[PDB]
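This report refers to the structure that appears directly beneath it.
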Amino acid sequence: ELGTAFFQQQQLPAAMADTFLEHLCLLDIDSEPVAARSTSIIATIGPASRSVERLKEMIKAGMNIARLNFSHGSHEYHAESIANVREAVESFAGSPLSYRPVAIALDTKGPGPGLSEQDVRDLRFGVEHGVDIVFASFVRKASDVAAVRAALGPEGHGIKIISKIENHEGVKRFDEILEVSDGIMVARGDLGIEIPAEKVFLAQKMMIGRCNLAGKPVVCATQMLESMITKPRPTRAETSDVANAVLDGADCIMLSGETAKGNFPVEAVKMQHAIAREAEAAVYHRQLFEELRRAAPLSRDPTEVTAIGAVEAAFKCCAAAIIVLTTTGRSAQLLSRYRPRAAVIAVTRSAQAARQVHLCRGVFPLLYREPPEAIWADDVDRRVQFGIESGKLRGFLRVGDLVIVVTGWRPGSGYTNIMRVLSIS
Amino acid sequence: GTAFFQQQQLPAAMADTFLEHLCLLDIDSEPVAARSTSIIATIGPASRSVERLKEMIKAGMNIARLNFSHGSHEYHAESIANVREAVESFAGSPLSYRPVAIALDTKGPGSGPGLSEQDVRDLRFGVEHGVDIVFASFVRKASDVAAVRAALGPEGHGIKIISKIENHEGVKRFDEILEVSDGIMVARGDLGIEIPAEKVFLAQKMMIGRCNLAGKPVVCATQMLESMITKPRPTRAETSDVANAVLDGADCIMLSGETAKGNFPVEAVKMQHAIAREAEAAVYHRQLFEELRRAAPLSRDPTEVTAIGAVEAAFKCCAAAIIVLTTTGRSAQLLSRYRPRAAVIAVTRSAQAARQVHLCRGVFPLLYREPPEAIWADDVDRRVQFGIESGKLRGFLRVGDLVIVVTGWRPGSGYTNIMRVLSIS
Amino acid sequence: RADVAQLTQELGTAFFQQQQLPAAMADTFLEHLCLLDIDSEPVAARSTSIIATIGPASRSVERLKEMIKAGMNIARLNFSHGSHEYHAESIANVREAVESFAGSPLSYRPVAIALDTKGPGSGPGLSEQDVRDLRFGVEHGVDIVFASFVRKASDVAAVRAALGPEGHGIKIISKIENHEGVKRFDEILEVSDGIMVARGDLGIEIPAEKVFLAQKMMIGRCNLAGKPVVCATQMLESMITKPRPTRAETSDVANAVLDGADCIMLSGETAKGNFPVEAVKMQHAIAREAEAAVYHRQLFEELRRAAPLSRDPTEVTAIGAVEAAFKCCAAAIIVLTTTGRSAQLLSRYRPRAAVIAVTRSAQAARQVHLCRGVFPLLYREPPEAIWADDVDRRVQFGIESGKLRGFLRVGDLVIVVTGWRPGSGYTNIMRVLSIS
Amino acid sequence: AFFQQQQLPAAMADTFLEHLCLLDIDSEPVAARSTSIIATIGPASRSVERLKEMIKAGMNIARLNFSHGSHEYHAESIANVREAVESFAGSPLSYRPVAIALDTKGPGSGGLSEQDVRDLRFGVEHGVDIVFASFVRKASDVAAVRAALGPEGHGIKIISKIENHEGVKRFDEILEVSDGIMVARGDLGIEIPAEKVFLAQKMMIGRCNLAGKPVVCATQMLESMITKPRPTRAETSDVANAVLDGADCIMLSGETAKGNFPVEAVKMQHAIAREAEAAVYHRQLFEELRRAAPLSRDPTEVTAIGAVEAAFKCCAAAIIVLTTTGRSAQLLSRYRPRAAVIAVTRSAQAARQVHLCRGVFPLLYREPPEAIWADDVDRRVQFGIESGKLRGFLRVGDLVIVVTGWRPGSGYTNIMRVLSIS
Ligand SMILES: O=S(=O)(NCc1ccc(S(=O)(=O)c2ccc(O)c(O)c2)cc1)c1cc(O)c(O)cc1-c1ccc(O)c(O)c1
Ligand SMILES: O=S(=O)(NCc1ccc(S(=O)(=O)c2ccc(O)c(O)c2)cc1)c1cc(O)c(O)cc1-c1ccc(O)c(O)c1
Ligand SMILES: O=P(O)(O)OC[C@H]1O[C@](O)(COP(=O)(O)O)[C@@H](O)[C@@H]1O
Ligand SMILES: O=P(O)(O)OC[C@H]1O[C@](O)(COP(=O)(O)O)[C@@H](O)[C@@H]1O
Ligand SMILES: O=P(O)(O)OC[C@H]1O[C@](O)(COP(=O)(O)O)[C@@H](O)[C@@H]1O
Ligand SMILES: O=P(O)(O)OC[C@H]1O[C@](O)(COP(=O)(O)O)[C@@H](O)[C@@H]1O
Ligand SMILES: O=C([O-])C(=O)[O-]
Ligand SMILES: O=C([O-])C(=O)[O-]
Ligand SMILES: O=C([O-])C(=O)[O-]
Ligand SMILES: O=C([O-])C(=O)[O-]
Ligand SMILES: [K+]
Ligand SMILES: [K+]
Ligand SMILES: [K+]
Ligand SMILES: [K+]
Ligand SMILES: [Mg+2]
Ligand SMILES: [Mg+2]
Ligand SMILES: [Mg+2]
Ligand SMILES: [Mg+2]
């Protein structure tokens with residue numbers, strides 16, 4: 001039905017192993033990755049990556065989120081960077097195969113006691129320029145997140161707040177920070193100066209584990225491919241660090257000086273893409289899913305119940321994809337928390353939700369712009385078929401494949417409750 | 001509430017080891033779920049009265065066994081008529097009507113090598129009288145099952161064949177027998193004379209384990225409550241044997257002389273019902289589900305994929321039931337093989353499938369009698385509502401409960417592919 | 001296959017086909033069940049002790065000799081019936097039958113004597129008849145007391161007090177027979193030497209359909225605590241009048257052993273029944289089959305995980321010795337013990353290897369029958385001048401008795417457990433020895 | 001306080017996810033650093049005074065890279081290492097043995113090259129402990145190295161360096177005939193795609209752990225420290241992850257051979273390794289290693305598993321083992337006990353070589369002998385206890401597991417004892 005060649009690719013012999021030791025022993029350098037790269041790449045925009053032509057190459061290389069570092073540069077400089085990112089992204093709207101949403105993240109300068117005056121003005125600039133995400137620098141407690149949230153004025157409540165943990169207090173007050181944040185960034189640069197350098201891996205692994213448990217996005221950042229600022233190829237420790245951040249459970253990986261000021265920005269993005277695909281296939285899904293299942297509390301929320309049912313169904317048939325209809329991105333995020341091997345194709349009419357779901361591992365957003373059908377069930381079926389035809393065009397799906405389809409019983413967000421098993425025709 | 005997590009051995013269910021599970025079993029933790037292991041009662045002089053059969057149905061009898069080792073065809077035709085009269089006396093209330101299967105247990109080959117001439121005549125009688133199941137005595141090899149199947153003819157294709165394993169050869173050729181049978185009976189009476197008595201528990205536990213792995217019904221039979229032929233209460237070894245057969249994984253438990261000729265036929269049924277409910281709550285679902293999940297092969301069949309997704313969803317929300325629409329019983333059987341704690345409420349129009357699904361643990365058949373609605377989606381919804389109304393009347397469901405609803409995309413058998421999370425209103 | 005490949009070449013494929021070894025090496029409990037084989041014959045000596053109630057059908061010296069040969073390890077005297085004179089004669093007849101085999105020390109089988117009390121009746125605590133019966137037990141040197149209707153910790157303190165200063169060595173097994181005993185189980189087990197699941201009264205005091213829950217819970221808690229647990233009443237009931245038991249009865253005996261019972265019991269089946277010797281033989285045959293079907297892989301992992309961390313060297317040595325025995329499929333673990341405690345701590349980890357306990361205490365040799373898999377050897381030789389030589393002679397006595405009983409063969413590996421100094425409480429050494 | 005240190009809350013966790021969630025930057029390491037550090041000797045680390053600081057910083061094995069330098073250059077490096085090591089021999093209870101490893105130039109465009117035959121002969125003549133054989137592609141390459149060592153170099157350990165696709169594909173046959181493996185990531189990262197090296201590293205470490213044979217992770221672990229005083233975030237992560245993967249040894253090349261901060265690079269690997277060792281999830285690791293090790297009738301194998309099980313049961317501070325060749329200590333090390341394996345030996349070479357096995361702390365016994373063999377055994381066990389107390393491994397009240405044999409000579413380990421300190 002599938003063949004022996006299918007079960008040799010994407011580390012499938014290591015995936016079927018009964019123990020983690022046997023899983024390690026079965027990892028094969030000849031077993032090629034087949035799935036689309038699921039860990040998003042965040043690239044910092046700067047002099048080396050600001051031009052429209054350079055940004056087109058970075059989008060082609062795999063950049064999903066553009067980071068604007070407000071520690072340097074004026075509002076005029078950042079507005080031009082945003083315009084250049086949007087021009088490069090929209091240059092592909094002519095091809096359904098190549099077009100892809102790209103999120104814009106504003107990384108704040110940081111705090112002084114409460115929110116700094118500059119952070120109030122920069123956060124206001126972010127709302128006025130329609131940024132998708134804020135990477136809030138030096139978050140130490142829950143009230144720091146509340147201050148950032150308050151500064152997103154009356155118009156920016158939909159912006160995602162990713163709290164950067166950069167010091168001892170942020171690590172010790174992690175639970176209260178995660179509770180009020182949309183996600184976390186393990187900001188290793190400052191963390192490695194604030195706490196002993198030999199302890200950063202403990203903070204990284206703990207925070208990734210807690211974010212995976214909570215079902216909230218976690219970003220691993222700083223010096224991942226540092227030597228690539230001046231060299232065309234990274235060190236053995238750098239490729240290892242990127243692979244290990246993905247294996248740890250990071251939803252996103254980041255590039256700072258490598259893309260902002262370095263001599264090889266496109267090559268750094270290509271390297272993170274290549275390593276992430278290899279590491280995602282080496283994830284031990286058998287124990288990971290069992291542990292996420294056991295640790296996740298019992299739930300009476302139908303979206304959560306449908307998500308675990310759909311992920312279980314996808315593993316049973318080695319589904320190529322889980323197609324989900326989502327307005328806010330929440331139904332796709334709840335599928336992503338169970339770490340399915342199947343790609344989560346999220347069909348949405350919200351351009352902002354399509355950009356923001358790049359924060360969740362394995363979510364592939366498809367922005368739907370057709371006019372709504374008069375009969376709701378027909379409009380649902382057209383979106384499901386749009387996800388199928390996009391998957392066929394992009395290589396995720398072929399005729400005869402099985403896909404899992406996740407929908408709700410009525411229009412509007414919060415009603416996901418249906419899982420279907422569909423044969424691709 | 002806290003009261004919910006104290007009942008049905010839920011503290012023992014959440015235990016991390018089987019030792020801790022045993023240590024947490026509580027005699028004060030009352031069973032809440034409906035009794036899932038079916039009871040087979042042998043019909044005889046003590047249970048032929050139509051009025052006594054009505055009491056046995058109320059006590060919990062699901063399958064009526066006709067032992068063709070004794071009595072003429074005229075005697076068995078009267079037993080069938082009496083069973084049907086008692087069963088159909090409750091048809092006036094469709095929301096509470098309980099289907100009861102009729103099983104024909106053959107005399108056997110005796111000294112011969114294959115199908116006896118009396119068995120050919122008895123099997124023909126079974127087809128002519130519309131029996132649901134055949135318990136084929138002394139099955140020693142796959143060709144014995146083929147001979148029974150051939151003697152049933154073209155009109156008996158829908159009859160389930162349960163092979164009785166009663167000797168050393170049947171145990172040694174178990175795998176080839178199970179492959180061609182619908183299920184197995186561990187016929188301990190003859191097995192305990194054919195092999196050393198001290199080895200029967202090994203054959204019983206092995207056969208139940210292999211049937212559970214194959215997802216095929218297994219019956220534990222003979223002397224389970226033997227002393228109740230003459231005494232009002234059973235021995236400590238008898239209650240232990242019934243509880244251990246359920247814990248082993250038996251889909252059905254049986255009564256022979258206890259209901260056929262004894263003085264306490266209704267009390268013997270009530271005793272098996274009471275013990276089975278206690279033992280089902282003491283099942284260690286945590287390890288059992290994990291092992292059944294791991295041992296079940298990967299599948300591209302949408303019914304199989306939907307079934308595991310629905311069982312996983314039911315465990316996530318502590319669903320009171322999985323309501324499934326089924327024509328042949330197959331969709332309910334595939335749910336049952338994963339041993340959900342949630343009751344599998346199977347709604348069917350087939351009177352025969354409603355009787356036959358009693359062979360699968362935890363399947364509660366509801367016979368739907370209404371003619372099809374003009375709109376197929378409304379006909380589906382009406383059957384789901386019938387499952388809910390029957391469930392509320394019978395005590396399976398209450399307002400506020402969560403239920404998993406399993407349906408298909410088109411009419412006819414073989415198209416189950418949808419799982420839905422529904423709140424009971 | 002790789003985890004058992006070199007051992008399969010050395011010991012042979014026939015070795016790994018016996019005693020349910022394919023089911024023992026299974027990775028899941030489901031696969032373990034699927035691999036159980038009626039053609040896989042038991043090889044190990046029967047480890048679950050049999051308690052037989054003495055009465056008119058089993059009182060004669062000649063009948064008792066046949067019951068000892070059939071497998072009786074503990075003789076129960078039911079003080080609910082019979083006078084002190086009747087029970088003293090039963091004790092004398094048991095001792096005469098047991099000592100008729102003392103002429104061959106390498107094969108002599110110790111047999112314990114247990115006194116089962118009448119109980120409190122309608123009273124709240126220790127009855128006056130129980131005080132007199134317990135005093136009789138001490139005067140007649142009984143090894144164990146099965147205390148009827150224990151409902152709380154103070155009931156076992158009262159039994160202990162009635163035994164007096166001369167009965168400090170007697171083991172107290174509390175009988176749980178009602179709802180209160182089940183609910184106060186933890187406090188009762190804490191002060192008792194062990195427990196008896198007394199299913200007769202328990203099945204009348206609580207709903208009959210709940211007894212299996214109480215049995216499985218109490219056996220699990222006793223296994224966790226490392227204290228003996230007895231399953232009792234109606235196990236082979238039909239054998240009181242019939243030569244063969246029912247299918248439910250053989251299943252009940254097998255399931256009590258699989259549950260984790262250290263001992264199984266016969267009441268009317270041996271006391272007044274027509275087939276006392278056959279009932280003992282039946283429990284022996286079923287127990288050997290069920291012991292081989294135990295899923296040691298998960299059982300040992302769970303007993304290790306659940307057992308608390310310990311700084312007691314006897315406890316630490318015991319787990320190391322059981323781990324070593326599993327690693328090499330050891331035929332036996334030979335242990336030197338004064339009180340039986342070192343053998344009990346090995347037994348709590350449920351090794352497949354027989355625990356051959358060499359002791360000079362005749363009472364400890366009888367009492368260790370309460371612990372599953374402990375085979376007591378009574379050493380009669382006087383102490384050597386050099387203590388290290390005396391230790392070695394006792395280990396050699398265990399090996400020679402083991403060879404002359406079928407437990408050991410040349411080429412087998414045995415684990416030897418000893419201590420660093422004389423006296424009880426100093427076990428701290430584990431040795432791997434090849435049998436020559 | 002005991003259960004708050006060395007990541008003990010994360011150690012008691014029921015799942016790997018919960019283990020990760022419980023890792024605490026405030027939980028300080030207490031155990032001695034288990035993973036050995038291999039430092040490459042060169043112009044930056046050749047002086048006797050510099051070597052004394054590197055030994056104090058944690059260097060356990062000195063690597064001589066025969067790709068550069070003459071035989072005269074390497075003989076002087078060996079003499080300087082031995083002078084620095086023996087400068088601490090005046091205090092036998094704290095003396096740290098240091099192994100000398102010869103890393104070959106390799107076959108180049110050719111089997112065994114003529115330069116490798118001469119270099120291996122030099123190694124035997126100068127008493128090297130280990131050979132890191134470059135570019136091992138098959139079992140016959142190991143046999144050729146073994147033959148070039150001759151009858152005098154029978155005791156030298158051969159660690160095969162896997163540096164290309166063929167070495168990875170023929171890994172099982174190479175490991176079978178080798179004493180251990182080195183994941184030589186420099187050449188491996190050029191021979192196979194750079195993004196696949198982590199797969200080869202994790203697979204080889206897993207297979208070596210399964211076989212109970214030493215595995216070394218090597219190259220660019222702290223690369224930036226060649227010119228900078230502090231490493232990058234990816235470098236500290238790489239060192240920690242090599243230890244978590246299961247590497248027995250970690251290595252420094254240019255960082256110690258030619259860099260500006262050789263002592264600081266050793267101190268950094270020591271600091272990270274201690275943190276990572278405490279974060280190892282022993283609950284699942286021991287269970288998997290125990291399940292996967294085959295059933296055995298060898299008494300040393302049977303005693304080792306019993307001793308490791310006993311150590312976990314009582315939270316033993318150490319397992320003291322008497323060993324002639326190092327084999328009894330290696331069999332204890334394969335189960336990854338949290339308890340330090342204190343190996344007391346009379347063989348100076350075995351004391352140096354056991355640094356290849358994680359958690360083996362070699363003590364070179366140089367005390368006068370005893371007339372009664374049993375008394376000589378007791379004296380070696382007391383020397384292990386006294387050295388353990390002096391070094392901080394043991395305190396009064398601690399429990400230790402003692403592993404010995406029934407007769408003199410190698411191959412007779414069969415006894416395990418539980419001893420209370422003082
Ligand atoms: O390791 S065990 O052997 N059996 C553990 C065990 C039992 C039951 C389950 S199950 O999840 O419900 C399950 C049932 C049927 C399946 O098809 C199936 O896939 C799963 C799973 C595991 C054990 C461990 C202990 O710690 C102990 O005190 C007692 C026992 C014990 C020993 C022998 C027995 O036969 C027995 O009844 C109990
Ligand atoms: O028992 S272990 O500890 N491994 C633990 C282990 C690692 C990974 C998984 S995961 O399913 O991918 C998983 C990932 C993230 C989760 O959130 C998650 O829920 C699950 C699962 C388990 C061990 C066992 C071995 O046999 C061995 O050779 C090596 C190791 C090893 C290796 C790495 C370590 O960090 C370490 O401490 C030890
Ligand atoms: O993930 P979200 O934001 O809850 O959106 C899921 C929603 O999408 C749907 O599938 C389709 O809804 P719309 O037709 O309003 O887009 C709903 O049935 C469901 O509630
Ligand atoms: O379990 P079976 O026999 O495959 O029946 C399941 C079938 O029942 C249905 O849910 C309802 O079908 P009908 O309307 O024909 O009764 C189908 O969609 C599905 O294929
Ligand atoms: O099991 P117990 O009662 O603790 O007895 C174990 C004792 O037996 C011995 O092995 C031998 O002691 P004895 O010489 O007193 O018989 C002691 O070293 C050890 O302390
Ligand atoms: O680990 P190895 O090389 O087998 O050495 C272990 C040996 O050391 C001893 O403990 C002591 O032996 P020596 O007295 O010869 O040093 C032996 O009993 C044992 O066989
Ligand atoms: O701000 C950051 O990204 C950091 O400190 O790593
Ligand atoms: O035929 C039967 O039912 C038996 O033998 O048990
Ligand atoms: O007293 C007893 O032994 C009983 O009730 O089982
Ligand atoms: O030879 C080496 O050490 C390498 O290539 O890493
Ligand atoms: K910033
Ligand atoms: K029949
Ligand atoms: K009594
Ligand atoms: K070299
Ligand atoms: Mg920062
Ligand atoms: Mg029969
Ligand atoms: Mg009683
Ligand atoms: Mg190289």
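Labeling convention for the structure tokens: chains A, B, ... as they appear, residues from 1 per chain, ligands from 1 in order of appearance.
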Surrounding residues of stretch 256-263 of chain D excluding itself and chain neighbours under 2 positions, 12 Å, only C-alpha atoms, as an MDAnalysis selection string: chainID D and resid 37:47 49:59 62:65 68 77 219:231 251:254 265:270
Surrounding residues as a PyMOL selection string, ligand 1, max 7 Å, only C-alpha atoms and all ligand atoms: (chain B and resi 17-19+22+209+212+247-249+283-288+291-292) or (chain C and resi 28-30+33+220+223+255+258-260+293-299+302-303)
Ligand 13 neighbours within 9 Å using only C-alpha atoms and all ligand atoms, as a PyMOL selection string: chain C and resi 77-81+115-119+146-149
Write the selection just made, keeping C-alpha atoms, as a short mmCIF file (atom, residue, chain, number, x, y, z; two decimals), in the first residue's frame?
data_model
loop_
_atom_site.label_atom_id
_atom_site.label_comp_id
_atom_site.auth_asym_id
_atom_site.auth_seq_id
_atom_site.Cartn_x
_atom_site.Cartn_y
_atom_site.Cartn_z
CA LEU C 77 -5.38 -25.70 64.30
CA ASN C 78 -8.84 -24.15 64.31
CA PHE C 79 -9.62 -23.24 67.93
CA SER C 80 -13.26 -22.45 67.02
CA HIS C 81 -13.88 -26.24 67.63
CA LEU C 115 -3.15 -21.51 65.98
CA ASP C 116 -6.29 -19.92 64.55
CA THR C 117 -8.30 -18.19 67.31
CA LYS C 118 -12.07 -18.45 67.91
CA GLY C 119 -12.39 -14.66 67.90
CA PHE C 146 -3.96 -16.44 62.88
CA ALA C 147 -5.88 -13.81 64.91
CA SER C 148 -9.60 -13.85 64.03
CA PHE C 149 -11.66 -10.70 63.33
#
Protein and nucleic acid residues within 8 Å of ligand 2 (only C-alpha atoms and all ligand atoms) as a PyMOL selection string: (chain A and resi 19-22+24+208-209+212-213+247-249+283-292) or (chain D and resi 15-18+20+205-206+209-210+241+244-246+279-289)
Interface, chain A side, toward chain B (7 Å; only C-alpha atoms) as number ranges by chain: A: 298-300, 302, 305-306, 308-310, 312-313, 316-317, 417-421
Near-ligand residues for ligand 7, threshold 7 Å, only C-alpha atoms and all ligand atoms, as a VMD selection string: chain A and resid 137 166 187 to 191 221 to 222
Any chance you could export the current selection's N, CA and C atoms as a CSV table (one decimal), in the first residue's frame?
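To be explicit, this is the file written out as out_29.csv:
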chain,number,residue,atom,x,y,z
A,137,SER,N,11.4,42.5,25.9
A,137,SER,CA,12.7,42.3,26.6
A,137,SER,C,12.6,42.4,28.1
A,166,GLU,N,15.5,36.7,30.3
A,166,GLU,CA,16.9,37.1,30.2
A,166,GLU,C,17.7,37.2,31.5
A,187,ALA,N,16.0,34.0,25.8
A,187,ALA,CA,17.0,35.0,25.3
A,187,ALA,C,18.3,34.7,25.9
A,188,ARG,N,19.1,33.8,25.2
A,188,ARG,CA,20.3,33.3,25.8
A,188,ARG,C,21.5,34.3,25.9
A,189,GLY,N,21.5,35.3,25.1
A,189,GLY,CA,22.6,36.3,25.2
A,189,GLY,C,22.7,36.9,26.5
A,190,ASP,N,21.6,37.6,27.0
A,190,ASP,CA,21.6,38.3,28.3
A,190,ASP,C,21.5,37.2,29.4
A,191,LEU,N,20.8,36.1,29.1
A,191,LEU,CA,20.7,35.0,30.2
A,191,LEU,C,22.0,34.5,30.5
A,221,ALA,N,16.8,31.4,21.1
A,221,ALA,CA,17.4,32.5,20.5
A,221,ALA,C,18.9,32.6,20.9
A,222,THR,N,19.7,33.3,20.0
A,222,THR,CA,21.0,33.9,20.2
A,222,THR,C,22.2,33.0,20.0
Selection as a VMD selection string: residues within 7 Å of ligand 10 by only C-alpha atoms and all ligand atoms: chain D and resid 134 163 184 to 188 218 to 219
